[PDB]
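Please read the structure below before turning to the comments.
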Amino acid sequence: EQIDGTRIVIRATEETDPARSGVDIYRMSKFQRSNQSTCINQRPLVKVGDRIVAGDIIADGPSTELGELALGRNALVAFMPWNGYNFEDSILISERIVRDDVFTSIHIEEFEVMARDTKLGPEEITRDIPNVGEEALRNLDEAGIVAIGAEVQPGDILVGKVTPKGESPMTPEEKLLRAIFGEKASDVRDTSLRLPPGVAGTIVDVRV
Amino acid sequence: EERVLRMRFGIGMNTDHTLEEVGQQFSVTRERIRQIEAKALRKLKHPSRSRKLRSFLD
Amino acid sequence: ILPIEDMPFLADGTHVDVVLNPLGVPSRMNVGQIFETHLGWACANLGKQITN
Amino acid sequence: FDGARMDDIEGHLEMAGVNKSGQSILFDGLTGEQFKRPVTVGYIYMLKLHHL
Amino acid sequence: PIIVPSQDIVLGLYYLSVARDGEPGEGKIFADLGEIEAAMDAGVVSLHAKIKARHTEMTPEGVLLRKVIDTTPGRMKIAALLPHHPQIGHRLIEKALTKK
Amino acid sequence: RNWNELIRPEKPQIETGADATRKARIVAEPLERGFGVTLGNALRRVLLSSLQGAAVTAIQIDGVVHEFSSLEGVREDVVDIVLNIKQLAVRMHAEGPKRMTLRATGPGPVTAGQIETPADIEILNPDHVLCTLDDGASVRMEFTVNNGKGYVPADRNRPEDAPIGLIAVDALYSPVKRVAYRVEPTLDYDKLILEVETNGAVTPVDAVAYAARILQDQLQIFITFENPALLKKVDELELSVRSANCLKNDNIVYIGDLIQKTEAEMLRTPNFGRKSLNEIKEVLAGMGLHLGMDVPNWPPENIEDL
Amino acid sequence: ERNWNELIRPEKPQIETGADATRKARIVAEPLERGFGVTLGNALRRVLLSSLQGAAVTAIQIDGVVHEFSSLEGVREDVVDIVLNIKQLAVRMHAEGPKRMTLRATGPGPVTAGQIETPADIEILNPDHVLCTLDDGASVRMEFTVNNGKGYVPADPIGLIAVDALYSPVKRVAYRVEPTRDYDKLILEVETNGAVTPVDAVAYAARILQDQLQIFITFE
């Protein structure tokens, strides 16, 4: 009947029972993290108003086109040693295979953070830990997590974890610096989850 | 003044003395030591002296 | 990643997206990769002829 | 194991406007010169293996 | 030496050292090393290594004169890369220049 | 050694193709033998490498926040639209990011030509589909087409400074899809048959001209002839307790006002006697400034603020 | 529209590391667009070695048409070595026409370029490149056939040797492209025959390329 990516509605059949099943809608799986920390996306290959018999693939899965399995994309190849850039088994590459967005995956990391109640007071997941610049607090809502769809650079604050603890070892130079700047020693230790060094960037989903 | 301020916290000596304890080492243990400590603390708060420490406290 | 200008030009003007090493075939006998590449080139030329 | 043999690929290349030798003339991209040898320029099915 | 070319450089040197009696510019004597490339860019001499030119082999003690050798152009591009020293020169590049 | 060889054919014939000014192959019969592949290759490479164009470099869809979700009533996902919006040839002929808005619905195959583009950014490929709808809700896609060169990655302009919801699409700016090359010899001079199949952004007869102009500009460079001393605050130095108060009460906040007057300004207000009349001047001179040596009230605005 | 000004341009191209003489010059260009380095280097190398304004010799003493024997008896080397060393004889002719260059050397001593006789508006720049010494040797009788041509031209009467001397001012030219940051650094090393400065040889090549690149339309 209709196709909107997130789902695909199908009529009952050419010869359907009275109240056996009715219409069967196939909720197309959107970009969810696979077991290998990769993307699992499906596209409604069927078009609006196209009869489809039972037993065929309606929407392709991850790395598939027109129902057939497609582990990658076909690229024009020249089996010649180009200036030694493919001296060993290395494979030279053109910018067209990276500019056209043809060999690019998603690889949803889906990092996990906890807020376990430690013995030294319950751990908090509030906005941010003290002694942190405002540049890292960007893309964070009032709850403290990154906004859904906000790009996060490698190392930026992902979820502010405020963990209460005891008084840290009072060092003389640090105490002198704190008295000079007038601030007070934060009783809580910074434990907010941060993205490891990578090119992750955008955030797809933030489940709490 | 630098000596009494260091004795207040301890750079070489780890025995962190209180206000009176560091006071006896210099002069009569009174609010004069606290006054000089406050004056020193407010001294190195300018952009000239506290320049490399502005990015040190985080 | 060579630009789309420095890649080897074809007779039709198209630049190859990848430039492998032919030494991998004699060392490791995977000459079917060469036959597979020839078949892929035939299919690509057929596709360019049908779309043209 | 029942795919196209050498003769099948040859006939496909002849019918697809491909040179019968299987290879094709490939002009250089860096400097730019007609290579003095038939170069194999096909459509190989490359992958994006997880070992990034 | 473990720094010997494994796959690509050895193939390039073999293609440069393969000599065939039939090729354009047969016995066309050249002046210097750059003359070979200048003529190759003009399409008069090929890279099949069958053209004569000049090159210093440096076999005896001290400097050796620029003797007009009967060698090839392809083996001269590799010969020019060889350092100037006795017991070495174009005499080593006279072979097919395989990996061994 | 200039203008002596056989010059190219004056006004070469641009044999127009059947792609509506997108595959016009240039031809140059009279040309030097060894020069045919030189000029043609240097044009095809330089032209391909450089060609200020325009493409959607920042997509702003109202029904999505990132480039990985899926629109409400659109068949192709948000990432698939980026795969189609990327190859969206558009010429603007203007400097600065634009605000190409797209809001269409109805049948579902929304075309690139049905975009609310300004009167300067002529979107090409009118029969180009960007996504597909299901006879339901529309999409208020807002583009940010710029003018660049070649191809820029996605993590270069999007994550710099943009609100949460701007797609980080790496638009390709090259206005040529595939440039051809032929050198047919015609006393034996070869003919250069360049068959650049540029898109609707620039016509093939103009793309080769732009590439030749870029090469000529790159070669023209090869031919020889063929002191915050007064920017600080009045109390930012901490000279004494009688100096900061005087500087604050004398209607001055910077250091230039205190450095312009040495002793004439010490007799106009109180607490400026002979006790402290030269110490402030010496401290100002030691910092790097002196008694004047500048313009009266020169950096009095936010222009030289730092 | 301006697509030739919104890109990086090496405003300071006067970077010549090699300054041993007026024949070798390592022209360098620090900033340059990604890929512009290799394309400009190729356009300069295949143009300097292409048709240009140079000079050849294409001549030999009478009765020496064959390289099997010397001219008369052989001064110090075979006639093939003599013609090879004379082919690289740097000479810049002003007036067009295949002028002649005679050379007579009597007495024990290597005949140099300064001893050549050719009053046809031609000057030899490299005076010490050939050595033909001989004890009481005067049988050289070598006249030349210098002609202003265009680039390396191969060998197209009786006794006239068919010397394939190049009509180009540059002899050895090579380029290299290495990023200096994706921007390439065109560092080509040009070497001329002698009758041209390499700092201006690349300029002449670029001017020739620009003059032959007049395939643009609608420009000021």
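In the structure tokens, each chain is lettered A, B, ... as it comes, each chain's residues begin at 1, and ligands are numbered from 1 in order of appearance.
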| said: Report as a PyMOL selection string all protein, DNA and RNA residues lying within 10 Å of segment 63-76 of chain F, evaluated on only C-alpha atoms, omitting residues in the same chain fewer than 5 positions from it. | reply: (chain A and resi 2-8+30-32+39+41-48+106+108+147-151+202-205) or (chain F and resi 81-84+105+108-110+130-141+163-169)
Set the distance at 8 Å and use only C-alpha atoms: which residues neighbour segment 3-20 of chain B once local chain neighbours fewer than 5 positions away are removed? I'd like the list as a PDB file with N, CA, C and O atoms, in the first residue's frame.
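Result went into out31.pdb, see below:
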```pdb
ATOM      1  N   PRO A 172      49.639  20.160  49.258  1.00  0.00           N
ATOM      2  CA  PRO A 172      49.857  21.567  49.637  1.00  0.00           C
ATOM      3  C   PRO A 172      49.777  22.525  48.465  1.00  0.00           C
ATOM      4  O   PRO A 172      49.167  23.594  48.589  1.00  0.00           O
ATOM      5  N   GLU A 173      50.374  22.177  47.323  1.00  0.00           N
ATOM      6  CA  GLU A 173      50.337  23.074  46.173  1.00  0.00           C
ATOM      7  C   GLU A 173      48.919  23.225  45.635  1.00  0.00           C
ATOM      8  O   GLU A 173      48.499  24.334  45.280  1.00  0.00           O
ATOM      9  N   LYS A 175      46.140  22.848  47.370  1.00  0.00           N
ATOM     10  CA  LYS A 175      45.393  23.638  48.345  1.00  0.00           C
ATOM     11  C   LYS A 175      45.728  25.119  48.221  1.00  0.00           C
ATOM     12  O   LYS A 175      44.840  25.974  48.314  1.00  0.00           O
ATOM     13  N   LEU A 176      47.007  25.439  48.010  1.00  0.00           N
ATOM     14  CA  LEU A 176      47.398  26.830  47.811  1.00  0.00           C
ATOM     15  C   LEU A 176      46.755  27.406  46.557  1.00  0.00           C
ATOM     16  O   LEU A 176      46.277  28.546  46.564  1.00  0.00           O
TER      17      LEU A 176
ATOM     18  N   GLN B  25      56.245  31.002  64.269  1.00  0.00           N
ATOM     19  CA  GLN B  25      57.540  30.889  63.611  1.00  0.00           C
ATOM     20  C   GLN B  25      58.066  32.231  63.113  1.00  0.00           C
ATOM     21  O   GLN B  25      59.273  32.360  62.882  1.00  0.00           O
ATOM     22  N   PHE B  26      57.199  33.228  62.946  1.00  0.00           N
ATOM     23  CA  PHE B  26      57.589  34.520  62.397  1.00  0.00           C
ATOM     24  C   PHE B  26      57.480  35.655  63.404  1.00  0.00           C
ATOM     25  O   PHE B  26      58.455  36.378  63.629  1.00  0.00           O
ATOM     26  N   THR B  29      51.858  35.297  67.439  1.00  0.00           N
ATOM     27  CA  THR B  29      50.777  34.531  66.822  1.00  0.00           C
ATOM     28  C   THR B  29      49.455  35.254  67.057  1.00  0.00           C
ATOM     29  O   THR B  29      48.862  35.169  68.135  1.00  0.00           O
ATOM     30  N   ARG B  30      48.993  35.978  66.046  1.00  0.00           N
ATOM     31  CA  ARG B  30      47.751  36.735  66.135  1.00  0.00           C
ATOM     32  C   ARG B  30      47.146  36.814  64.738  1.00  0.00           C
ATOM     33  O   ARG B  30      47.537  36.066  63.836  1.00  0.00           O
ATOM     34  N   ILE B  33      49.269  37.346  61.131  1.00  0.00           N
ATOM     35  CA  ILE B  33      49.653  36.294  60.196  1.00  0.00           C
ATOM     36  C   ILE B  33      48.518  36.007  59.222  1.00  0.00           C
ATOM     37  O   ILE B  33      48.742  35.849  58.017  1.00  0.00           O
ATOM     38  N   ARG B  34      47.283  35.940  59.724  1.00  0.00           N
ATOM     39  CA  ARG B  34      46.139  35.758  58.836  1.00  0.00           C
ATOM     40  C   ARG B  34      45.988  36.942  57.890  1.00  0.00           C
ATOM     41  O   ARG B  34      45.631  36.771  56.719  1.00  0.00           O
ATOM     42  N   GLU B  37      48.584  36.611  55.226  1.00  0.00           N
ATOM     43  CA  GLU B  37      48.203  35.518  54.339  1.00  0.00           C
ATOM     44  C   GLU B  37      47.118  35.953  53.365  1.00  0.00           C
ATOM     45  O   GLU B  37      47.185  35.639  52.172  1.00  0.00           O
ATOM     46  N   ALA B  40      48.718  38.253  50.767  1.00  0.00           N
ATOM     47  CA  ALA B  40      49.461  37.494  49.767  1.00  0.00           C
ATOM     48  C   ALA B  40      48.519  36.776  48.812  1.00  0.00           C
ATOM     49  O   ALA B  40      48.748  36.769  47.596  1.00  0.00           O
TER      50      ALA B  40
END
```
task = Enumerate as a ChimeraX atom specification the residues belonging to chain F that approach chain D to within 8 Å, with only C-alpha atoms taken into account.
result = /F:37-38,41,45
Can I get the residues of chain F within 9 Å of chain B, each with the closest pair of atoms and their distance in Å to one decimal, using only C-alpha atoms, sorted chain first then ascending number, as a Markdown table?
```
| residue | atom | partner | partner_atom | distance |
| --- | --- | --- | --- | --- |
| F:236 | CA | B:46 | CA | 6.9 |
| F:237 | CA | B:48 | CA | 7.5 |
| F:238 | CA | B:46 | CA | 7.7 |
```
| query | Excluding same-chain residues fewer than 6 positions from residue 122 of chain G, what lies within 9 Å of it counting only C-alpha atoms, as an MDAnalysis selection string? | reply | chainID G and resid 91:95 99 101 146
Using only C-alpha atoms, the best pick from D:3, D:10, D:47, D:42 as closest to chain C would be D:42
**Item:** Secondary structure check, alpha helix (DSSP H) residues of chain C, as a PyMOL selection string
**Value:** chain C and resi 24-27+32-51
Quick one: everything within 10 Å of residue 39 of chain C, counting only C-alpha atoms, minus sequence neighbours fewer than 3 positions away in the same chain. Send it as number ranges by chain.
-> C: 33-36, 42-45; D: 4, 8-10, 12-13, 22, 42-44
Mind dumping the selected residues with N, CA and C atoms as a PDB file, in the first residue's frame?
```
ATOM      1  N   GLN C  33      40.266 -14.243  -9.907  1.00  0.00           N
ATOM      2  CA  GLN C  33      40.083 -12.814  -9.683  1.00  0.00           C
ATOM      3  C   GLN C  33      40.276 -12.032 -10.975  1.00  0.00           C
ATOM      4  N   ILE C  34      41.218 -12.462 -11.817  1.00  0.00           N
ATOM      5  CA  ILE C  34      41.395 -11.819 -13.114  1.00  0.00           C
ATOM      6  C   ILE C  34      40.224 -12.144 -14.033  1.00  0.00           C
ATOM      7  N   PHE C  35      39.780 -13.403 -14.036  1.00  0.00           N
ATOM      8  CA  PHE C  35      38.607 -13.766 -14.823  1.00  0.00           C
ATOM      9  C   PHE C  35      37.357 -13.080 -14.291  1.00  0.00           C
ATOM     10  N   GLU C  36      37.230 -12.985 -12.966  1.00  0.00           N
ATOM     11  CA  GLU C  36      36.100 -12.271 -12.386  1.00  0.00           C
ATOM     12  C   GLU C  36      36.136 -10.796 -12.760  1.00  0.00           C
ATOM     13  N   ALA C  42      33.095  -6.787 -18.626  1.00  0.00           N
ATOM     14  CA  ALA C  42      32.102  -7.058 -19.661  1.00  0.00           C
ATOM     15  C   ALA C  42      30.712  -6.621 -19.216  1.00  0.00           C
ATOM     16  N   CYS C  43      30.347  -6.927 -17.968  1.00  0.00           N
ATOM     17  CA  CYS C  43      29.043  -6.514 -17.458  1.00  0.00           C
ATOM     18  C   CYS C  43      28.935  -4.997 -17.368  1.00  0.00           C
ATOM     19  N   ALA C  44      30.017  -4.322 -16.976  1.00  0.00           N
ATOM     20  CA  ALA C  44      29.988  -2.867 -16.887  1.00  0.00           C
ATOM     21  C   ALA C  44      29.853  -2.233 -18.265  1.00  0.00           C
ATOM     22  N   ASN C  45      30.536  -2.789 -19.268  1.00  0.00           N
ATOM     23  CA  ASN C  45      30.387  -2.269 -20.622  1.00  0.00           C
ATOM     24  C   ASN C  45      28.986  -2.531 -21.159  1.00  0.00           C
TER      25      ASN C  45
ATOM     26  N   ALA D   4      31.127 -19.593 -16.042  1.00  0.00           N
ATOM     27  CA  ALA D   4      31.600 -19.353 -17.397  1.00  0.00           C
ATOM     28  C   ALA D   4      33.071 -19.728 -17.509  1.00  0.00           C
ATOM     29  N   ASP D   8      33.451 -18.756 -22.594  1.00  0.00           N
ATOM     30  CA  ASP D   8      32.246 -18.001 -22.266  1.00  0.00           C
ATOM     31  C   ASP D   8      32.573 -16.537 -21.995  1.00  0.00           C
ATOM     32  N   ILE D   9      33.612 -16.283 -21.196  1.00  0.00           N
ATOM     33  CA  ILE D   9      34.023 -14.910 -20.921  1.00  0.00           C
ATOM     34  C   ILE D   9      34.487 -14.228 -22.201  1.00  0.00           C
ATOM     35  N   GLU D  10      35.162 -14.975 -23.078  1.00  0.00           N
ATOM     36  CA  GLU D  10      35.611 -14.408 -24.345  1.00  0.00           C
ATOM     37  C   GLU D  10      34.428 -13.982 -25.203  1.00  0.00           C
ATOM     38  N   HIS D  12      31.433 -13.297 -24.171  1.00  0.00           N
ATOM     39  CA  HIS D  12      30.782 -12.174 -23.506  1.00  0.00           C
ATOM     40  C   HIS D  12      31.512 -10.869 -23.797  1.00  0.00           C
ATOM     41  N   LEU D  13      32.847 -10.904 -23.797  1.00  0.00           N
ATOM     42  CA  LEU D  13      33.615  -9.702 -24.106  1.00  0.00           C
ATOM     43  C   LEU D  13      33.416  -9.277 -25.556  1.00  0.00           C
ATOM     44  N   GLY D  22      40.609  -9.298 -23.364  1.00  0.00           N
ATOM     45  CA  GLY D  22      40.185  -9.196 -21.978  1.00  0.00           C
ATOM     46  C   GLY D  22      40.643  -7.926 -21.290  1.00  0.00           C
ATOM     47  N   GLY D  42      38.756  -3.815 -15.100  1.00  0.00           N
ATOM     48  CA  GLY D  42      37.442  -4.401 -14.937  1.00  0.00           C
ATOM     49  C   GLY D  42      36.695  -3.879 -13.729  1.00  0.00           C
ATOM     50  N   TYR D  43      35.534  -4.463 -13.450  1.00  0.00           N
ATOM     51  CA  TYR D  43      34.702  -4.087 -12.309  1.00  0.00           C
ATOM     52  C   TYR D  43      34.781  -5.220 -11.289  1.00  0.00           C
ATOM     53  N   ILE D  44      35.781  -5.155 -10.420  1.00  0.00           N
ATOM     54  CA  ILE D  44      35.947  -6.160  -9.377  1.00  0.00           C
ATOM     55  C   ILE D  44      35.045  -5.818  -8.200  1.00  0.00           C
TER      56      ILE D  44
END
```
